[PDB]
Amino acid sequence: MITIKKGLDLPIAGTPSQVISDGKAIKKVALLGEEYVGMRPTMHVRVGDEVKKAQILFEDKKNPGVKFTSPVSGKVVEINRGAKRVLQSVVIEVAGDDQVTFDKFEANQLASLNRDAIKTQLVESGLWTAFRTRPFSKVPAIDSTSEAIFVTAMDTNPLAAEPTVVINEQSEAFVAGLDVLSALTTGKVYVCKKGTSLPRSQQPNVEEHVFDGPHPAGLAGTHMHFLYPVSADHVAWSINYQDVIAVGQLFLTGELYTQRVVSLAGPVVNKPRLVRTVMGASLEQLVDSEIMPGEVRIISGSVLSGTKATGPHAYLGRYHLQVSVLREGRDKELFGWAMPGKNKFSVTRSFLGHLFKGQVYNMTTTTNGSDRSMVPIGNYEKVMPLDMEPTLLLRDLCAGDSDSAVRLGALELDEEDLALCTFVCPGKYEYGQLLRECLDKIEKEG
Amino acid sequence: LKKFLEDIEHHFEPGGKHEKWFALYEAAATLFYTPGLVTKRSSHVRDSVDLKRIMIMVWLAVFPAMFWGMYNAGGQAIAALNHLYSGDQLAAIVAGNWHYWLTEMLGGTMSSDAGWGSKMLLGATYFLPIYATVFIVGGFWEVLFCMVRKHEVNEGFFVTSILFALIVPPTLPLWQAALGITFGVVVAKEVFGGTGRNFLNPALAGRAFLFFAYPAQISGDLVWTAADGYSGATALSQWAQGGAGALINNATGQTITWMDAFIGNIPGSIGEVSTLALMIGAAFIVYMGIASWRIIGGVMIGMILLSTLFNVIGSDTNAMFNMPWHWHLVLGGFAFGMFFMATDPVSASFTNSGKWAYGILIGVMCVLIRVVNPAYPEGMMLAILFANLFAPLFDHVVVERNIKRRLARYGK
Amino acid sequence: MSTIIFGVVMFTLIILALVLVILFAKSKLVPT
Amino acid sequence: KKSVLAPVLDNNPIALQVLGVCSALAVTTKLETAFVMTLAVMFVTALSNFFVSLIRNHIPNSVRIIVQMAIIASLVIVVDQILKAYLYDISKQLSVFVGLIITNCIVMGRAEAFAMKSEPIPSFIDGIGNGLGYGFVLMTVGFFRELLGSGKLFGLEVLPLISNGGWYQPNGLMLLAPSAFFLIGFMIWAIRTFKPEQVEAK
Amino acid sequence: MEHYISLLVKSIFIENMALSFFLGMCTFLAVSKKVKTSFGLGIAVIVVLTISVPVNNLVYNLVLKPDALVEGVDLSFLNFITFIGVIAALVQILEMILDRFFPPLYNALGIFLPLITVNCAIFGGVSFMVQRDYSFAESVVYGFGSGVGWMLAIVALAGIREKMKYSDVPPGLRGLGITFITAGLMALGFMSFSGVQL
Amino acid sequence: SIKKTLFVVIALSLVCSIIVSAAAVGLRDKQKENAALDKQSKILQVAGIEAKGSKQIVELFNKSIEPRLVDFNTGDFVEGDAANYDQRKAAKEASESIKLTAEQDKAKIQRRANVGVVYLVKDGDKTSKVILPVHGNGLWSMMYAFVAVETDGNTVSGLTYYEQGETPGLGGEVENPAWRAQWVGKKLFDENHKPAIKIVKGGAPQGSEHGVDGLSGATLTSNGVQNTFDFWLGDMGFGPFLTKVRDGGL
Ligand SMILES: Cc1cc2nc3c(=O)[nH]c(=O)nc-3n(C[C@H](O)[C@H](O)[C@H](O)CO)c2cc1C
Ligand SMILES: COC1=C(OC)C(=O)C(CC=C(C)C)=C(C)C1=O
Ligand code: FES
């Protein structure tokens, strides 16, 4: 067991009820083009074309051979593009049940499958995009291998769904997916979980490691730092538990499995709960009739690291397993910065809120201040559990010094790994965007 | 108020007739009301703490020291005046100095039986003009630099101005105070880009300017008690002359006990005398997590070790060798610098290991300058400025060790 | 004028010794 | 003519080339030492460039530095002997920095970069020009340091000191080294404000 | 050992060559961009200064000082040419030695030797040694201590300038101008030792 | 190559050496007189003699001032080349100086030359004043002064600090003419012939034979001045010499 001490669990009101229920009927889904790092799409579809389930929609120029396939069967209704014609989303209206089928095997022979056969089926089905590399959080090249595949069987994000409930419903698919991963990896498979019991694979190279503590104990970046440190020459892959279930269903039934269980939660959700949905489901339709009145922000993913689901981005992300809804915090308070703050949450002890340990907060999207320079009062060290110097690493990101950031461990990090640093920053810096710019510069010169 | 700020907002936005004053407008509008801004990217929620509250807590943490300092400055001045003059001679002195007859005009008294109200009022007449001059002159430089570079005025000047005003003699001329704050704000802070981008403590850099440019008004036996014609040494100077037995308050004829120095019944800088008042203020900001207890712990470790070493070595000529650690704590500006000036996060080290070394260096340097430097009775300002130069070096040592661990895959 | 003659000789000899040392060092160290 | 005035502002040795800094900090406490040091550097630099260019076609490359420093040191020795004989008071104030003219980066910088590849007469002009730019900084820094630190210019009282029944309190820091760093830095800020082409890129 | 230890501490902090005598500022301000580059240059200054000062002390006492060779003959006017000549020779010899037998040392120290061949810090230290009339043992301690103090100052400046990657210096002061101000603020801190009669 | 290299080096060295040697030897005599005239001008100033031109300084110094060697231990004159004696250099040599103990070293000089040099200011053929060079450690550096004493051996005729490194506003006031004027008329010794000159902190009484006002805000430098006169008027300094002077010497 690995115990995490440094970190922060946000006590935001509206925690989901850990019971799975049927969601709203979803009439259209989409694939977000901006959520894939370094993806340059070559469109294989046009508006009005009818696509089958698991049919390729667009291909990646910078990552040859990777296919992004439709999650449902229907008709392409719109191809949203933004500044510089960047692919925002490809929206498909659900109509029909046509699909593309693949080879199916038995649970006994899954661990003995050839690696090239496994890669071929994953790439063709479009499920290869579930893997993300570390560093750079990109979809792995189809001809590359990894000695470490990390399964995120836990989630410490605020308002996150409990993985135990979902995995117990799909125990056979979860174990089958682990066997496929065991044959796929050249090294080991790290199933990172909490102390709760989970279905176990019988393969000797699949190892369960227990992580305890607050956020970010559940992030794949934390798990890699403590089990398989990553660098330029040591690349690891990560995949979440629900995608592992999809891998098991793919090799057991020969059909792409696009069902998802997402937690719908937040202060303005009337009944926070787990709802069954589909990949890329429209968040406008999913959240319909679920929210209290007023101006609210719908977030694909967690409040700490998620996409503002508005307009062409109002669809469930590829790697997101929750939907968060918050009020927009536009209120101006007279001397609000000088108030005692009985209902204000902070990592510091400058407010009366910390004196009430059992308090939950109706957090809004307010910034709680203006943008300023960094003044290191030591907040970053209280939420960073990795063996890094957070303050000096963050200054390098602000300064744009990519070479120094790499030496300080920027290659081991993702945007979500710096979400807590962004949260507790007195200067209101957004370190996720700064890190990605540094990572993009590193890849460009490599 | 809120409606007026919203209505005039368009005047200071680009294209308005008051665009060049946009920096001033945001400094005032955001002062009263929160900006009311929502997040734009990931981490859609934010911590409630911001720079304004951090700076205002430190600014409030020195209020107990400020109020006692005005009370102590008046008490020292009144006691010395009645020690020197009496009757008509005292009346002539009161009429000849505007500090004295302003106190008597506002209902106060300069007599030996003056209450705490008169003593604090007399101290106020010496401190408020200094604080007003420092605030106005320093604020002009802060606004001018922000207007030229087209940036919003970052917080932190309220802390700098009040700390600078509390570390100067009560008799400091106003024009020197204007020059001192100008050097600290412009040369030490603004040419580097403002708050969070400098390496040297701005308030102590301004005090170092006055220390070396005009040493006659910031040292000696004529500047620490605000009584005209009164010459009196302080505890650090007296101990350097004759040790513990020389601690005698000539204004009253009583020996300076340890409790007198701890409470703050001694002459010196305005806001440094009361160690108890500084402890109360420091406890609040240390508990809030604003001030670093690692730096404070390091300063105490450095002071205790080196002072004990001097006591063990001993000296038959230098009386400063036999001063214990607890006398070092309650004398001079050691407590003020340790609690509110060594803890400046921008000037200090950025690593926890570096903070311990940063604090130890300050504590060692302060005792060293007190003992083995005969020119200066105190060295807290010099110790902190010296340690600001090596604060980045401590961080470099720490990170290089961290990089070596990373290159070994943390032991794989 | 003994001081002048001594100054002229020592000035030349000091420089000559330095030049010869550098030339000898360069010939015995720098590869060719 | 332009070669004479070019190293004054466009190509200043101290403000741009970062040469000759050591003497600029030390000797600028007074105008008399700053003026004498200006003439000495200008005298040595011009003659060293002139003599080096004369023998530039015969200097062995193995001992090139030794040959150059033999000329530079010899000129400085003569300057030192003359200063002791006719300006003994100023020479005593200059202390070791009279000898440090040999190691002044301006003297060797121009001898190697220019005198080795130029005719003697242009080399003499180049040495005079760089001395003027070096002296321009020294006199400008020396003016403020002496006026604000003593109220005097060349020893002549301009601001009556309070100690002598006047009204001006001299600034002690102007007589201390840190003021020389500040004045030069702000002087560079002024030069590059009117000469934006000299601004270093970020 | 107290006399030598006192001299060593005096040459490092009390009389730091860079921030109390301000010699070698040209390389001090220029090469201080990076800590590792400054650290390499500082070691090279230590080695040259630790060798040059004792050698010039032997030359001055045996040859150049009055009544050294012939009574009544004073050759002290040859001090300037002799001191720089020795320094210029030893620095070049070290380049020929390090580049030949110790390629790792040539990368670590040899690449910085041409910069400090005629640097003011070496010549100033020799001149101060002659003025103070040190012995041979004191020359070794003074030479080593002066280099360590010089190395300490430039490395400290290098760490400050690396920290200043986050600064927002105005364009007019960017580069050389802000470096002068930085070194001036460092001089203030080192004045803490002024007045210590060690 | 080698022949050309050596020929150029030798020819260059010879030309440079001849110019350097000629300049050093030709100017040497003028160099040493400049050092002398600098100190001679200072001694004339403290003695109260007006001299402006360099020639005027030389003629007045030869006419009015006669340097003489004095042995500190015995107080008697010693025959020697007084005009060329270097007391500072003799103080640093073990064979011509004594190391002082902690009790004796009041002025913190750590050494004292065996024989010093005094300057007898003579008006014609009769000595009128004696110039005593004294030095003592200040706050920042050693401070060197000339004190002019009347033929009675007790009355100070003038004081002049000619080499000090104290702070100009605090400690550098030893060169202030107003402060120097206070020393005129003061008595060095009491009726018991003990050293009795006192630097009074906070200002000496206006009517005082031994009190001199201390430097304002410069107690440490004032202590250095007080220690300087305590040592040099004691038995280790000009004590025995001034005892013989007041008995009817000179
Ligand atoms: C705990 C704390 C201590 C501070 N101490 C000082 C100080 O001693 N002097 C000062 O000028 N500013 C001080 N500041 C304000 C500010 O952080 C400082 O001026 C930075 O150097 C601005 O870049 C302090 C701020 C905090 C939060
Ligand atoms: C305490 O925090 C602070 C402010 O508001 C709370 C300020 O307005 C300002 C701005 C002040 C002026 C004079 C523009 C500063 C500097 C500050 O530190
Ligand atoms: S002038 Fe001294 S190192 Fe260049």
Side-chain angles (χ1 to χ4, degrees), chain A residues 335 337-338 373-377 426, chain B residues 23-24 26-32 50-62 135-136 138-143 146 152-164 167 181 184-185 188-190 192-207 282 285-286 288-292 295 336-337 339-348 384 388, chain D residues 13-14 18-26 41 97 100-101 103-109 134, chain E residues 22-30 115-116 118-124:
Chain A
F335 292 107
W337 48 273
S373 300
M374 182 196 309
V375 178
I377 62 165
Chain B
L24 274 183
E26 290 289 348
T30 59
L31 178 68
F32 300 115
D50 57 346
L51 251 192
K52 279 187 180 298
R53 189 182 187 88
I54 294 170
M55 295 311 181
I56 210 64
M57 289 301 184
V58 181
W59 182 75
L60 291 178
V62 305
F135 188 84
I136 292 176
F140 159 78
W141 289 114
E142 285 265 357
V143 170
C146 289
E152 299 188 12
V153 181
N154 286 26
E155 291 76 26
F157 172 68
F158 286 2
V159 174
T160 298
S161 63
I162 195 173
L163 289 186
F164 177 82
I167 63 182
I181 192 63
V185 172
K189 182 183 178 179
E190 286 305 320
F192 294 88
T195 301
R197 304 180 182 270
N198 58 307
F199 74 95
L200 201 75
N201 189 303
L204 287 183
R207 195 193 196 280
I285 53 179
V286 168
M288 290 177 185
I290 298 178
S292 178
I295 299 171
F336 194 102
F339 286 147
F340 297 92
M341 315 208 81
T343 59
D344 181 17
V346 183
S347 305
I384 296 178
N388 288 337
Chain D
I14 300 182
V18 197
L19 307 173
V21 183
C22 296
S23 54
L25 304 166
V41 168
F97 287 88
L100 286 168
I101 301 180
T103 51
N104 193 321
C105 297
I106 296 179
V107 186
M108 169 51 56
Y134 164 84
Chain E
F22 313 93
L23 305 172
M25 290 291 100
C26 297
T27 61
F28 185 85
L29 300 168
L115 295 189
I116 61 176
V118 294
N119 187 267
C120 287
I122 320 296
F123 192 91

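Remember, it's 1-based here, ligands and their atoms both numbered in the order they're listed. Below, each value reflects all heavy atoms present in this structure, side chains not excepted, and no hydrogens, waters or symmetry copies. Lettering of chains follows the sequences in order, A, B, ..., and the numbering in each one begins at 1.
Here the side chain of B:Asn201 pairs a donor or acceptor atom with the backbone of B:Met341 at under 3.5 angstrom. Side-chain atoms of B:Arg197 do not come within 3.5 Å of backbone N or O of B:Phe192 as any donor-acceptor pair. In terms of modelled atom types and a separation under 3.5 Å, the side chain of B:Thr195 and the main chain of B:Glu155 share a donor-acceptor contact. At distances below 3.5 Å, not a single donor-acceptor pair connects side-chain atoms of B:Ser347 with backbone N or O atoms of B:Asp344.
Annotation for B:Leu51 and A:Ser373: closest pair CD1-O, 4.2 Å, computed over non-hydrogen atoms.
Aromatic ring centres of E:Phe28 and E:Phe22 lie farther apart than the 6.0 Å criterion allows.
Partners of B:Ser292 under the side-chain contact (heavy atoms from CB on, under 4.5 Å) rule, at least two apart in sequence or in another chain, are B:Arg294, B:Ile295, B:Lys355.
A distance of 11.0 Å separates CD1 of B:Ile285 from CE of B:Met57, quoted to the nearest 0.5 Å. Rounded to the nearest 0.5 angstrom, B:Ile181 CD1 and B:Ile136 CD1 are separated by 12.5 Å.
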Could you list, one pair per line, each nitrogen or oxygen of ligand 1 together with any protein nitrogen or oxygen closer than 3.5 Å, giving atom names and the distance rounded to 0.1 Å?
{"residue": "ligand 1", "atom": "5 (N)", "partner": "B:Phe340", "partner atom": "O", "Å": "2.9"}
{"residue": "ligand 1", "atom": "8 (O)", "partner": "B:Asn201", "partner atom": "ND2", "Å": "3.0"}
{"residue": "ligand 1", "atom": "8 (O)", "partner": "B:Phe340", "partner atom": "O", "Å": "3.2"}
{"residue": "ligand 1", "atom": "9 (N)", "partner": "B:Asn201", "partner atom": "OD1", "Å": "2.9"}
{"residue": "ligand 1", "atom": "11 (O)", "partner": "B:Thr160", "partner atom": "OG1", "Å": "2.9"}
{"residue": "ligand 1", "atom": "11 (O)", "partner": "B:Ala203", "partner atom": "N", "Å": "3.0"}
{"residue": "ligand 1", "atom": "12 (N)", "partner": "B:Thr160", "partner atom": "OG1", "Å": "3.3"}
{"residue": "ligand 1", "atom": "17 (O)", "partner": "B:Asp344", "partner atom": "OD1", "Å": "2.9"}
{"residue": "ligand 1", "atom": "19 (O)", "partner": "B:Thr160", "partner atom": "OG1", "Å": "3.4"}
{"residue": "ligand 1", "atom": "21 (O)", "partner": "B:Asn198", "partner atom": "OD1", "Å": "3.4"}
{"residue": "ligand 1", "atom": "21 (O)", "partner": "B:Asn198", "partner atom": "ND2", "Å": "3.1"}
{"residue": "ligand 1", "atom": "21 (O)", "partner": "B:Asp344", "partner atom": "OD2", "Å": "3.1"}
{"residue": "ligand 1", "atom": "23 (O)", "partner": "B:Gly196", "partner atom": "N", "Å": "2.6"}
{"residue": "ligand 1", "atom": "23 (O)", "partner": "B:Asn198", "partner atom": "OD1", "Å": "2.5"}

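Within 4.0 Å of ligand 2, the residues that place a heavy atom are A:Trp337, B:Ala27, B:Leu31, B:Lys52, B:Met55, B:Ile56, B:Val153, B:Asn154, B:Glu155, B:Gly156, B:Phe157, B:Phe158, listed by chain and number.
Defined by atom type and a distance below 3.5 Å, a donor-acceptor pair is present between the side-chain atoms of E:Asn119 and E:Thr27.
Listed by chain and number, the protein N, O or S atoms at a distance under 2.8 Å from atom 2 (Fe) of ligand 3 are D:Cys22 SG, E:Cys120 SG.
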